[PDB]
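Reading through the structure tokens given below for one structure.
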Amino acid sequence: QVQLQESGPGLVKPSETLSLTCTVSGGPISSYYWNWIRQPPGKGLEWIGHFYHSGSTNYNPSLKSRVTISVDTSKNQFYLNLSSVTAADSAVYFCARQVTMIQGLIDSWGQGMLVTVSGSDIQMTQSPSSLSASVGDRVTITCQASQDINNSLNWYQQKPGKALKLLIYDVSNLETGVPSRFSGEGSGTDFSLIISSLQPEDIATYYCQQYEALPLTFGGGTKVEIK
Amino acid sequence: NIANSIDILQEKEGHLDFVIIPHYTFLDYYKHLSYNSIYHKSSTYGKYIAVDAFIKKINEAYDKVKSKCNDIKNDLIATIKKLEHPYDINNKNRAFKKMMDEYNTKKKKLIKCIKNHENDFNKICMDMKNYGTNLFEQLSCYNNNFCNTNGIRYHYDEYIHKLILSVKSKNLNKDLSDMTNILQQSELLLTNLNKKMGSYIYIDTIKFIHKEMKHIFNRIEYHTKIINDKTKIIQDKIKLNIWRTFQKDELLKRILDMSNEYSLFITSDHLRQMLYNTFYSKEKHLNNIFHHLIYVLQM
């Protein structure tokens with residue numbers, strides 16, 4: 001399978017550029033979308049940008065004036081260079097693979113690496129922040145978009161100490177291998193991820209994500225635990 | 001340049017559509033690649049629901065870019081409708097050269113609008129390419145020196161064989177003689193009309209529709225030759241790619257070779273059918289004008 005691995009300095013001085021590398025294995029850079037996403041400690045997922053179609057880039061307008069994403073097809077790697085860096089840029093940085101923007105799901109995520117620094121957006125309101133439930137309980141996690149996003153919504157699962165993985169795409173479609181107790185509902189601006197009967201293996205943080213418009217945006221996340 | 005590779009269709013009166021031929025072939029090629037990649041292994045067959053849904057998303061995005069030229073396309077439909085109908089109060093009975101100039105100008109603007117949206121169409125095409133190649137790169141064998149070809153076989157049986165049987169049930173070359181006979185009948189009538197009449201509006205209208213039907217015929221002839229060549233090639237090639245094993249690199253090459261043949265065949269079959277529809281929709285209106293001249297007006 002295609003595997004992504006971040007590498008680079010874990011500590012960056014404010015006088016240096018934050019510079020990371022993602023080594024891709026099991027498949028080529030080719031014409032795919034190669035993303036950088038970050039998660040400041042305790043904060044949500046923020047899409048930085050992607051290199052795609054063998055030469056083009058889309059950057060988040062919040063970071064656009066200080067970001068570069070490039071590739072080296074001979075090394076099968078892609079890079080992030082984030083300058084004018086401050087403590088606000090301390091985050092776990094993830095590299096992630098995406099096949100299309102037509103169906104804007106992220107199908108492969110790197111494990112992520114901590115890097116410590118020494119209005120037009122579609123806002124995704126995900127609720128609750130955290131949830132504690134018993135085995136066999138019904139769990140409903142909601143995602144509310146500030147703008148109509150039709151069916152351009154995906155859900156990811158991040159089990160403890162694991163990479164984020166696609167759970168549901170295009171509102172209600174289950175990713176291969178996902179158990180039937182998961183389902184997704186909604187349209188327009190209102191969406192829900194439902195676990196009909198919570199199992200111990202479902203302890204994870206869940207995230208919704210919109211691809212109706214750029215920048216790509218994610219919900220703040222929902223940590224699910226057993227009580 | 002996609003400006004020289006666009007076919008224009010008018011399947012029914014008052015309707016007009018266009019097909020950018022290399023985009024149609026490109027999208028169809030990656031559709032065959034996507035289905036071949038999921039039918040190779042029994043455990044990935046269920047992915048067809050996802051492939052079907054993704055193709056629809058591509059078709060919807062592509063149609064949305066096409067719809068940006070709708071005002072310019074509708075202006076071309078208005079011009080054609082005026083030029084084909086002498087009873088249109090707007091038909092000013094202008095010289096045949098003036099009629100051809102207006103029509104070519106409106107057609108040029110549609111092609112320019114299409115060229116102006118090339119980047120938009122290309123992004124969609126590149127996503128369909130990524131979708132298909134992503135599945136293709138996931139294809140696997142237990143032993144790469146003895147890969148199965150059941151995916152090529154199942155895909156041919158379920159997606160392509162019905163299209164080969166349909167073409168073989170028809171007589172595409174007899175359809176060409178039938179159309180040539182209609183063009184000749186219109187040409188004989190047109191010369192006889194000029195002997196009787198001087199500078200009649202019906203002579204200009206008949207020349208206009210007849211010229212359009214000649215161009216449609218040439219495109220049908222062009223696509224029929226591709227159909228005939230590709231039906232034989234697909235039938236011969238499919239026999240060499242089924243009920244056997246290949247090394248993975250050779251299997252991948254065979255899947256790309258078959259997708260290439262299917263896409264060239266499908267592109268011309270689909271376009272020939274729409275152009276056939278267009279020819280006969282024009283011939284009904286032209287024959288209505290013949291009946292008006294011969295039997296309504298005594299002439």
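Naming works like this for the structure tokens: A, B, ... for the chains as they're shown, residue 1 at the start of each chain, ligands 1 onward in shown order.
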Interface list for chain A, partner chain B, 9 Å threshold, only C-alpha atoms, as number ranges by chain: A: 1-2, 27, 30-32, 53, 99-103, 173, 176
For those residues, write N, CA, C and O atoms to a file as a PDB file, in the first residue's frame.
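What follows is the written file part-v2.pdb:
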```
ATOM      1  N   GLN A   1       0.819  -1.214   0.000  1.00  0.00           N
ATOM      2  CA  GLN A   1       0.000   0.000   0.000  1.00  0.00           C
ATOM      3  C   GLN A   1       0.862   1.278   0.000  1.00  0.00           C
ATOM      4  O   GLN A   1       2.043   1.224   0.360  1.00  0.00           O
ATOM      5  N   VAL A   2       0.292   2.422  -0.415  1.00  0.00           N
ATOM      6  CA  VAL A   2       1.021   3.686  -0.402  1.00  0.00           C
ATOM      7  C   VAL A   2       1.201   4.143   1.054  1.00  0.00           C
ATOM      8  O   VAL A   2       0.244   4.123   1.837  1.00  0.00           O
ATOM      9  N   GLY A  27       4.124   3.799  -3.963  1.00  0.00           N
ATOM     10  CA  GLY A  27       3.472   4.455  -5.088  1.00  0.00           C
ATOM     11  C   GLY A  27       4.141   5.760  -5.457  1.00  0.00           C
ATOM     12  O   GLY A  27       4.885   6.318  -4.649  1.00  0.00           O
ATOM     13  N   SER A  30       3.622  11.255  -9.030  1.00  0.00           N
ATOM     14  CA  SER A  30       2.807  11.296 -10.232  1.00  0.00           C
ATOM     15  C   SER A  30       1.994  12.615 -10.306  1.00  0.00           C
ATOM     16  O   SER A  30       2.543  13.670  -9.970  1.00  0.00           O
ATOM     17  N   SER A  31       0.712  12.539 -10.648  1.00  0.00           N
ATOM     18  CA  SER A  31      -0.195  13.665 -10.775  1.00  0.00           C
ATOM     19  C   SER A  31      -1.167  13.789  -9.595  1.00  0.00           C
ATOM     20  O   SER A  31      -2.092  14.602  -9.656  1.00  0.00           O
ATOM     21  N   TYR A  32      -0.928  13.048  -8.492  1.00  0.00           N
ATOM     22  CA  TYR A  32      -1.780  13.075  -7.297  1.00  0.00           C
ATOM     23  C   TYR A  32      -1.685  14.376  -6.493  1.00  0.00           C
ATOM     24  O   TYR A  32      -0.873  15.263  -6.833  1.00  0.00           O
ATOM     25  N   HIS A  53      -1.500  17.555  -9.734  1.00  0.00           N
ATOM     26  CA  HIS A  53      -1.455  17.501 -11.197  1.00  0.00           C
ATOM     27  C   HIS A  53      -0.077  17.819 -11.771  1.00  0.00           C
ATOM     28  O   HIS A  53       0.022  18.577 -12.737  1.00  0.00           O
ATOM     29  N   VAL A  99      -6.368  11.724  -4.048  1.00  0.00           N
ATOM     30  CA  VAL A  99      -6.412  11.340  -5.461  1.00  0.00           C
ATOM     31  C   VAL A  99      -7.067  12.396  -6.330  1.00  0.00           C
ATOM     32  O   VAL A  99      -6.541  12.726  -7.399  1.00  0.00           O
ATOM     33  N   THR A 100      -8.208  12.940  -5.874  1.00  0.00           N
ATOM     34  CA  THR A 100      -8.932  13.942  -6.664  1.00  0.00           C
ATOM     35  C   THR A 100      -9.452  15.092  -5.792  1.00  0.00           C
ATOM     36  O   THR A 100      -9.495  14.966  -4.571  1.00  0.00           O
ATOM     37  N   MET A 101      -9.865  16.199  -6.420  1.00  0.00           N
ATOM     38  CA  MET A 101     -10.624  17.262  -5.769  1.00  0.00           C
ATOM     39  C   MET A 101     -12.114  17.037  -6.080  1.00  0.00           C
ATOM     40  O   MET A 101     -12.941  17.427  -5.275  1.00  0.00           O
ATOM     41  N   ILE A 102     -12.468  16.357  -7.222  1.00  0.00           N
ATOM     42  CA  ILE A 102     -13.846  15.996  -7.579  1.00  0.00           C
ATOM     43  C   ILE A 102     -14.502  15.232  -6.413  1.00  0.00           C
ATOM     44  O   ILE A 102     -15.648  15.490  -6.071  1.00  0.00           O
ATOM     45  N   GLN A 103     -13.752  14.333  -5.780  1.00  0.00           N
ATOM     46  CA  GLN A 103     -14.178  13.609  -4.586  1.00  0.00           C
ATOM     47  C   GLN A 103     -13.034  13.811  -3.576  1.00  0.00           C
ATOM     48  O   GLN A 103     -12.185  12.941  -3.428  1.00  0.00           O
ATOM     49  N   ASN A 173     -21.046   7.090   2.534  1.00  0.00           N
ATOM     50  CA  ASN A 173     -20.389   5.906   1.980  1.00  0.00           C
ATOM     51  C   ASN A 173     -19.307   5.366   2.870  1.00  0.00           C
ATOM     52  O   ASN A 173     -18.390   6.095   3.217  1.00  0.00           O
ATOM     53  N   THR A 176     -13.942   0.810   2.620  1.00  0.00           N
ATOM     54  CA  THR A 176     -13.730  -0.646   2.644  1.00  0.00           C
ATOM     55  C   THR A 176     -13.184  -1.105   4.014  1.00  0.00           C
ATOM     56  O   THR A 176     -12.281  -0.481   4.557  1.00  0.00           O
TER      57      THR A 176
END
```
Residues of region 262-288 of chain B that have any atom at most 7 Å from an atom of region 215-237 of chain B: could you tabulate them with the shortest-distance atom pair and the distance in Å to one decimal, using only C-alpha atoms, ordered by chain and increasing number, as a tab-separated table?
```
residue	atom	partner	partner_atom	distance
B:265	CA	B:230	CA	5.5
B:268	CA	B:223	CA	4.9
B:269	CA	B:227	CA	6.3
B:272	CA	B:220	CA	5.3
B:275	CA	B:216	CA	6.2
B:276	CA	B:220	CA	7.0
B:279	CA	B:216	CA	6.3
```
Nearby residues (only C-alpha atoms) at most 8 Å from region 44-51 of chain A, same-chain spacing under 2 positions excluded, as an MDAnalysis selection string: chainID A and resid 33:40 42 53:60 63 69:71 215:221
Please save C-alpha atoms of the selected residues as a short mmCIF file (atom, residue, chain, number, x, y, z; two decimals), in the first residue's frame.
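Okay, this is what ended up in selection15.cif:
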```cif
data_model
loop_
_atom_site.label_atom_id
_atom_site.label_comp_id
_atom_site.auth_asym_id
_atom_site.auth_seq_id
_atom_site.Cartn_x
_atom_site.Cartn_y
_atom_site.Cartn_z
CA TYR A 33 -2.52 15.67 -4.57
CA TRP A 34 0.16 15.94 -1.89
CA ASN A 35 -1.09 17.72 1.19
CA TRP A 36 0.33 19.17 4.40
CA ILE A 37 -2.16 19.41 7.33
CA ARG A 38 -1.29 20.49 10.91
CA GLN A 39 -2.80 20.24 14.37
CA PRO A 40 -1.68 22.78 17.01
CA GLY A 42 -5.34 21.05 21.72
CA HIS A 53 -1.45 17.50 -11.20
CA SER A 54 2.36 17.40 -11.59
CA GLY A 55 2.91 21.17 -11.16
CA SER A 56 0.02 23.11 -9.62
CA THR A 57 -0.53 24.24 -6.00
CA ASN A 58 -3.50 25.40 -3.85
CA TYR A 59 -2.56 26.99 -0.48
CA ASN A 60 -4.73 27.99 2.45
CA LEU A 63 -0.81 30.80 5.20
CA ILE A 69 4.94 23.02 -1.22
CA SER A 70 7.23 21.36 -3.76
CA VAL A 71 8.20 17.86 -5.01
CA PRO A 215 -9.42 25.98 1.57
CA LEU A 216 -10.27 22.46 2.70
CA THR A 217 -11.56 22.67 6.31
CA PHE A 218 -12.15 20.18 9.10
CA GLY A 219 -14.32 20.03 12.20
CA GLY A 220 -12.63 20.60 15.56
CA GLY A 221 -12.82 16.86 16.29
#
```
Backbone-only DSSP, helix (DSSP H, G or I) members of region 115-299 of chain B, as an MDAnalysis selection string: chainID B and resid 115:116 118:138 150:169 172:196 201:240 248:296
Separation of CA of residue 43 (chain A) from CA of residue 86 (chain A) in Å: 15.9 Å
